[PDB]
Amino acid sequence: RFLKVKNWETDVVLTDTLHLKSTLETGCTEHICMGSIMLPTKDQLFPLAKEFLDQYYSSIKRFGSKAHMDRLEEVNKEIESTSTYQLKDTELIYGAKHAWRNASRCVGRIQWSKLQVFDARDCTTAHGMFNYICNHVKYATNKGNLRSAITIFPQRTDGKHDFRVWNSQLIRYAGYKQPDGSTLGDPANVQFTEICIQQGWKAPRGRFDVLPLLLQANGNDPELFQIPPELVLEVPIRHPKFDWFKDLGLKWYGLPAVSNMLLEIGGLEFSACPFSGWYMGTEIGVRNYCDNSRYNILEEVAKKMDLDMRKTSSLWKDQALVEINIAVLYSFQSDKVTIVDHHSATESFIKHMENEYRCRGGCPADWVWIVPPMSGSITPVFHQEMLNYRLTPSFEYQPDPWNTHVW
Amino acid sequence: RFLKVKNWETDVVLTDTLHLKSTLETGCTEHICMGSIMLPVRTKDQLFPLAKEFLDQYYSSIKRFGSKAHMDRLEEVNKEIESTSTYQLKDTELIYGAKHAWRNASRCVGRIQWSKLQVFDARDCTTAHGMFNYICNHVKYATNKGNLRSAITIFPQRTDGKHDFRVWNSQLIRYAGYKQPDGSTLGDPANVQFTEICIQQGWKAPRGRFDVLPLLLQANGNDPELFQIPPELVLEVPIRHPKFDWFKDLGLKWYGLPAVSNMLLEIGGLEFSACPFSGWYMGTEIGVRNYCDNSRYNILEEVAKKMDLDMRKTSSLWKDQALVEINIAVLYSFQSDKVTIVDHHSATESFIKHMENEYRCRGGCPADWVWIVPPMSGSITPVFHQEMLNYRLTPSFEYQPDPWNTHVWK
Ligand code: HEM
Ligand code: HEM
Ligand SMILES: Cc1cc(N)nc(C[C@@H]2CNC[C@@H]2NCCNCCc2cccc(F)c2)c1
Ligand SMILES: Cc1cc(N)nc(C[C@@H]2CNC[C@@H]2NCCNCCc2cccc(F)c2)c1
Ligand SMILES: C[C@H](O)[C@H](O)[C@H]1CNc2nc(N)[nH]c(=O)c2N1
Ligand SMILES: C[C@H](O)[C@H](O)[C@H]1CNc2nc(N)[nH]c(=O)c2N1
Ligand SMILES: [Zn+2]
């Protein structure tokens, strides 16, 4: 019931006790491991509220104090009478920071306590949502010196009045299918790009068209808004050694800002809660650029490198992969836009893991997601055993809202 | 139940029904996933069920479930167990058993090859000397002058657990490791402990960087004995780079035959504690893990130094660049010498084809994503994007602890 975790490179062994505080289900059983699967009332709410407030009061070291008991009473009163309750500002900030702390798939958690929370619970309209999001985008970007932030819109009520950002990220590039049969721009966003057209967006029809926001307030039909172009920081991609690299026409945006997840704090559900940090280079250079279902540029780059593409065993894909990612990193760095490489990020995560074991009794971690999609075993996370379990407050994936909406 | 797996690159969805025949436990619970944890004498009572289950599978695979041959064999085995407390596999059953243990091995990307396995029955073996001879023959047969052939040699099964046959080497061919008084290691640091045991047992160590270890062989629960594999049987490949002429001067070589010798083979509830098996390498096992792990030969710095890369910051990706060059060299060197090897693109692509076939014809293919994804260039291989379900089928290969921890010295 107490579990050990071993690092096979350093022999360091850590004991996990935090896992006994998990409640939610993994999807695994005693017979089947689903570790690699991407998606594995009033009576219900008060145990959730209590559990959260207990840990909150424990963290500020007022557990079992009069203020603790008073608050548990106050929330109990409010649930019984309204069927929900409102978080205090202090509880909101704590909850959001801990949802990040608990995100087992996030390599960047050393930073968890440095998170700027924007309380947008007073928002009532899509226009209001747009304003809050522009202010988030500008604060977080900080002229290239990126700062982690979350903006939190009003909580679910009866679930017929949900706030949602329809984009999966605040900033993404459009995707268009061509009479050609191919795809122009980002193939990931073809479906969403069509929905934007169907609501009236005028697409430049380019390879890198920043999508408009589709914001839904109060369960209403979503509305289109364009982010001011001067708020969207982008980086043209060049290579420090290869002159020709620039002419591939590549760029990426500086701000990764996930907007499709659901924040749960103390049993309350925040269905629109865009958050942002800064990129690890591989996210762009390995995944966005080289996934076959994405911009898929390996073939074009290898050709410009004059590599022999006749057989897989020349590792031409692998050589091109490295150079692409060198370029991504160099370009961000030259432009003073925060980026972290996979060596540095994973090293910091090991240090974070050791702090969390020492000071909290464990750290939930999803090895499948923590190990970078290139050079896995030359990063220290590869050799690190990790236990994966679900703690609250949490971020959860939620389905693309267009499937689950009436007009 | 029907469980779905999706490939996020192709949107191909597959349905697993085979997991319903899984008995053994994963280490995982509804509350905790131990998917990245490396390590997550019977009774008559349990033995006949295990036998029956195995023989039922065997007979149904040969399209004879329920036949008189089937019913008679069940009866024969039952009686043998009741009377002798164990039983002996027929040759046909051993072969089937060993092939399926490989077929069931979740962590093996090489499984498209499962049905082509040469089984050597070494159940008549009685002494360490006999074990040595069997192993030499395996090495020579499997090596096949560089045209590698998969094989397994199966020594007598466990009886009371007091008379186990064991190969003390973790692989038949490995390089010695020598911890120096200044804290440095010469040769393979993974093998320091075993090297020290060999030396204690009387091995005279060459004390170089690539000394092939002697075999330490335990027969019938006796103290193990040392044997040197004839050097002309140990095929090796000096590593060079197609473009970089200085690469040879690093003095690297590797052996051609990967031959795992420390695992336990379970068939029909019988335990084969000595069952060395072998195939051929995927390049990354050598170029990524053996050469570039910090706890192993650790050559990244020296290679990047010779490539004159910018080494002052990790963000230049000097480690990644040198990693790719080292792995090009390994594949190039094996190919040039006509020693079978497979690159990680070809290997993973074949594995996806294998896996899809296995779903169609078997109802599933248990696979451990943590191990199946190669340790470089993960997401540019098709397996990265492939959802997998990990569960335990028997016959199986199991890790067992190193015998020097458990062995009682006579
Ligand atoms: C500060 C720098 C940050 C870095 C370097 C970072 C890095 C990463 C990486 C590399 C992943 C893997 C996901 C992928 O590859 O798509 C990830 C996932 C995730 N991150 Fe972090 N992150 C950062 C900030 C944050 C912040 C501020 C939050 C919350 C406030 C957060 C929460 C999450 C969550 C919930 C996931 C899983 C996302 C999903 O399931 O799609 N991250 N992060
Ligand atoms: C024929 C070519 C083969 C290739 C290319 C191949 C490839 C691999 C690779 C890359 C691994 C991961 C283990 C590691 O990286 O250390 C592995 C593991 C494994 N393989 Fe295969 N393999 C082959 C043949 C075989 C054969 C013949 C058997 C048994 C008859 C086998 C059974 C296993 C088992 C039991 C594991 C897990 C090992 C452990 O837990 O340490 N493989 N294989
Ligand atoms: C199906 C599904 C489930 C799930 N949980 N998720 C997804 C989005 C996928 C995951 N992986 C690629 C893509 N998500 C792409 C961007 N994710 C960046 C995470 C991040 C990084 C740095 C800073 C941040 F604030 C946030 C899909
Ligand atoms: C702790 C622990 C548990 C476990 N199950 N296992 C280990 C051996 C580790 C796995 N990973 C590195 C090292 N084993 C290296 C040898 N693996 C060869 C697999 C192979 C390849 C080609 C053909 C074959 F026949 C067999 C350690
Ligand atoms: C099927 C598999 O789980 C899937 O491809 C995962 C693997 N690891 C990942 N890791 C990260 N960081 N992000 C991802 O999107 C994925 N995808
Ligand atoms: C901690 C982690 O499970 C461990 O390092 C695993 C990861 N994946 C692996 N994959 C393979 N093929 N071989 C290994 O030795 C390992 N090691
Ligand atoms: Zn699991």
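Residues numbered from 1 in each chain as written, not as in the entry; some residues may be left out. Chains lettered and ligands numbered in written order. Heavy atoms only, no water.

This part covers the overall build of chain A. Tallying secondary structure elements over chain A gives 10 helices and 18 strands in all. The C-alpha atoms of chain A give 23 Å as radius of gyration, which agrees with the globular expectation for 407 residues (22 Å, within 12%). For chain A, the spread of C-alpha atoms along the three principal axes comes to 70 × 60 × 45 Å. Residues counted as buried form 55% of the 407 residues belonging to chain A. (Helix = DSSP H or I, 4+ residues; strand = E, 2+ residues; numbered from the N terminus. Rg over C-alpha atoms; globule rule 2.2 N^0.38 Å. Buried < 20%, exposed > 50% of the residue type's maximum accessible area, 1.4 Å probe, protein only.)

Moving on, we get to empty space enclosed by the protein. In this structure, the largest cavity occupies an estimated 90 Å³ of space. Around the largest cavity sit 18 residues that line it, and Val371(A), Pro372(A), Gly376(A), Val373(B) and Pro374(B) are the ones nearest its centre. Elements that contribute at least two residues to the lining of the largest cavity include exactly α10 (367–370) of chain A together with α10 (369–372) of chain B. Of the volumes computed, that of the second largest cavity is approximately 70 Å³. Elements represented by at least two residues in the lining of the second largest cavity include exactly α1 (44–61) and β13 (263–267) of chain B. Residue contributions to the lining of the second largest cavity peak at four residues, all from α1(B). (1 Å grid on protein atoms, 1.4 Å probe; cavity = no way out; pocket = protein on both sides within 12 Å on 5 of 7 lines; lining within 4 Å. Points joined across faces, edges and corners; volume = space filled by probe spheres on them.)

Taken together, 14 residues lie around ligand 4, and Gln171(B), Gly279(B), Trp280(B), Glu285(B) and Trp371(B) are the ones closest in. Each of chains A and B places residues near ligand 4. Calculation on ligand 4 without its partners gives an accessible area of 640 Å², and the protein chains cover 66% of this total. Looking at the shell around ligand 4, its residues break down into nine nonpolar, three polar and two charged. (Near = heavy atom within 4 Å. Areas by Shrake-Rupley, 256 points an atom, 1.4 Å probe, with all protein chains shown as cover. Nonpolar A, V, L, I, M, F, W, Y, C, P; charged D, E, K, R; others polar.)

Within a regular strand, the side chains alternate between the two sheet faces. Residues and elements named next belong to chain A. Judged by which residues are buried, strand β8 (residues 213–216) turns out to be covered on both faces: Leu213 and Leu215 on one side and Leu214 and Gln216 on the other are all buried. The pairing of strand β5 (residues 164–165) with β8 spans two bridges and is classified as antiparallel. The partner of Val165 across the bridge, within β8, is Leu215. Hairpin remark: β8 followed by strand β9 (residues 223–225), antiparallel, with six residues in the connecting loop; positive phi at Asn218, about 55°. (Pairing = 2+ DSSP bridges.)

So, on to the pattern of salt bridges. Residues and elements named next belong to chain B. Scanning all chains against the criterion turns up 42 salt bridges over all chains. In this structure, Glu93 and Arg73 form a salt bridge, with 2.9 Å as the shortest nitrogen-oxygen distance. Note that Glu93 is positioned in helix α3 (residues 91–103) and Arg73 in helix α2 (residues 68–84), a separation of 20 residues in sequence. Note on accessibility: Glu93 and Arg73 belong to one class, buried. Among the salt bridges present, the one from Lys306 reaches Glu302, with a minimum N-O distance of 3.9 Å. Of this pair, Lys306 and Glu302 both sit in helix α7 (residues 300–306), separated by four residues, roughly a single helical turn. For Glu302, a relative accessible area of 36% translates into the label partly exposed. (Salt bridge = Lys/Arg side-chain N within 4 Å of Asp/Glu carboxyl O.)

Looking at the iron atom of ligand 2, one finds just one donor atom contributed by the protein, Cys108(B) (SG), at 2.4 Å. Mapped onto the fold, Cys108(B) is located in the loop between α3 and β3 (118–121). (Donors = N, O, S within 2.8 Å, 3.2 Å for Na, K, Ca; no water.)

With that settled, the discussion passes to the interface of chain B and chain A. Taken together, the contact between chain B and chain A spans 62 residues of the former and 63 residues of the latter. Carbon and sulfur atoms supply 61% of the area that chain B and chain A bury against each other, a total of about 5,300 Å² over both sides. Between the two partners, chain B and chain A, sit zero salt bridges. Across the chain B-chain A interface, the total number found is 35 residue pairs in polar contact. Elements with a minimum of two residues in the side of chain B that touches chain A: β1 (3–6), α6 (283–292), α8 (318–336), α9 (344–362) and α10 of chain B. Of the residues forming the side of chain B that touches chain A, the biggest block, 10 residues, is contributed by α8(B). By residue class, the composition of the side of chain B that touches chain A is 28 nonpolar, 24 polar and 10 charged. (Contact = heavy atoms within 4.5 Å. Buried area = accessible area lost by both parts, 1.4 Å probe. Polar contact = N/O pair within 3.5 Å; in protein donor to acceptor, adjacent residues only side chain to side chain.)

Turning our attention to the domain arrangement of chain A. Residues and elements named next belong to chain A. Taken domain by domain, chain A consists of domain 1 (16–121 + 148–158 + 262–276 + 346–370), domain 2 (122–147 + 162–233 + 397–401) and domain 3 (234–256 + 279–344). The C-alpha-based centres of domain 1 and domain 2 are spaced at 27 Å. Residue-level contacts link 19 residues of domain 1 with 17 residues of domain 2. Summing both partners gives a buried area of about 1,500 Å² for domain 1 against domain 2, and 61% of it is carried by carbon and sulfur. In this structure, the connection of domain 1 to domain 2 is made through one salt bridge. (Domains from an automatic or database assignment.)

All names here are of chain B. Across the sheet, four strands lie side by side as β3-β4-β15-β12; this open sheet has mixed pairing. With partners counted over all chains shown, the strands left at the sheet margins are β3 and β12 (259–260), one partner each. Lying on the sheet, α3 is in contact with β3 and β4 (151–154); it crosses β3 at an angle near 130°. (Axes fitted to C-alpha atoms, helices over the stretch in contact; angles between N-to-C directions.)

Moving on to helix α4 (residues 126–141) of chain A. An α-helical turn contains 3.6 residues, so any two residues separated by three or four positions project in the same direction. All names here are of chain A. The end-to-end C-alpha distance of α4 is 22 Å, a good match for the 22 Å that 16 residues give at a rise of 1.5 Å each. Here α4 has its buried residues at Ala126, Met129, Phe130, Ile133, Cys134, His136, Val137, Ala140 and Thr141. On an axial view of α4, the arc spanned by its buried residues comes to 160°, and they lie on one face. In α4, the exposed positions angled more than 90 degrees off the buried face are occupied by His127 and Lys138. Packed against the buried residues of α4 are β4 (149–152), β5, β8, β9 and β15 (275–276). (Expected span 1.5 Å × (residues − 1). Arc of directions from axis to C-beta.)

Let's shift gears to the coordination of the zinc ion (ligand 7). In this structure, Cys28(A) (SG), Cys33(A) (SG), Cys28(B) (SG) and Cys33(B) (SG) serve as the protein donors to the zinc ion (ligand 7), at separations of 2.4 to 2.5 Å. Around the zinc ion (ligand 7) sit four donor atoms, and with donor-metal-donor angles ranging over 100 to 120° the site reads as tetrahedral. Here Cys28(A), found in the loop between β2 (13–16) and α1 (42–59), pairs with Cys28(B), found in the loop between β2 (13–16) and α1, and the two come from separate chains. Given the relative accessible area of 3%, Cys28(B) is considered buried. (Tetrahedral: all angles 85-135°; square planar, octahedral: opposite > 155°, others 65-115°.)

A separate point is the sheet that holds β15(A). Residue and element names in this part refer to chain A. With mixed pairing, the four strands of this open sheet are ordered in space as β3-β4-β15-β12. Only two strands of the sheet have a single partner each, and these edge strands are β3 (116–119) and β12 (257–258). Strand contacts of helix α3 (residues 89–101): β3 and β4, with the helix running at about 130° to β3, the strand carrying the most contacts.

Next up on the list: the site of ligand 5. The local shell around ligand 5 consists of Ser36(A), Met38(A), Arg287(A), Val368(A), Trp369(A), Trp369(B), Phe384(B), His385(B), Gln386(B) and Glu387(B). More than one chain reaches ligand 5: its neighbouring residues belong to chains A and B. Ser36(A) places a polar main-chain atom, nitrogen or oxygen, 2.7 Å from an oxygen atom of ligand 5. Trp369(A) is positioned with one of its backbone polar atoms (N or O) 3.1 Å from a nitrogen atom of ligand 5. Burial of ligand 5 by the protein amounts to 85% of the accessible area it has alone, namely 400 Å².

Turning our attention to the packing of aromatic side chains. For the structure shown, the criterion picks out 43 aromatic pairs over all chains. With a centroid separation of 5.8 Å and 50° between ring planes, the pair formed by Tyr255(B) and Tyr281(B) is classed as tilted. With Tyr255(B) in strand β11 (residues 253–255) and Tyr281(B) in strand β16 (residues 281–282), this residue pair connects regions lying 26 residues apart in the sequence. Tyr281(B) matches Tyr255(B) in its accessibility class, with the two residues each being buried. Here the aromatic cluster, defined as three or more aromatic residues joined through ring pairs, consists of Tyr173(A), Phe208(A), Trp252(A), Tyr253(A), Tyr279(A), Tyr289(A) and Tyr295(A). A cation over an aromatic ring shows up here: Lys6(A) above the ring of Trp8(A), its NZ or CZ 3.8 Å from the ring centre. The ring of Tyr139(A) carries the charged tip of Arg147(A) above its face, separated from the ring centre by 3.8 Å. (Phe/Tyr/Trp six-rings, centres within 6.5 Å; stacked < 30°, edge-to-face > 60°. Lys NZ or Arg CZ within 6 Å of the ring centre and 35° of its normal.)

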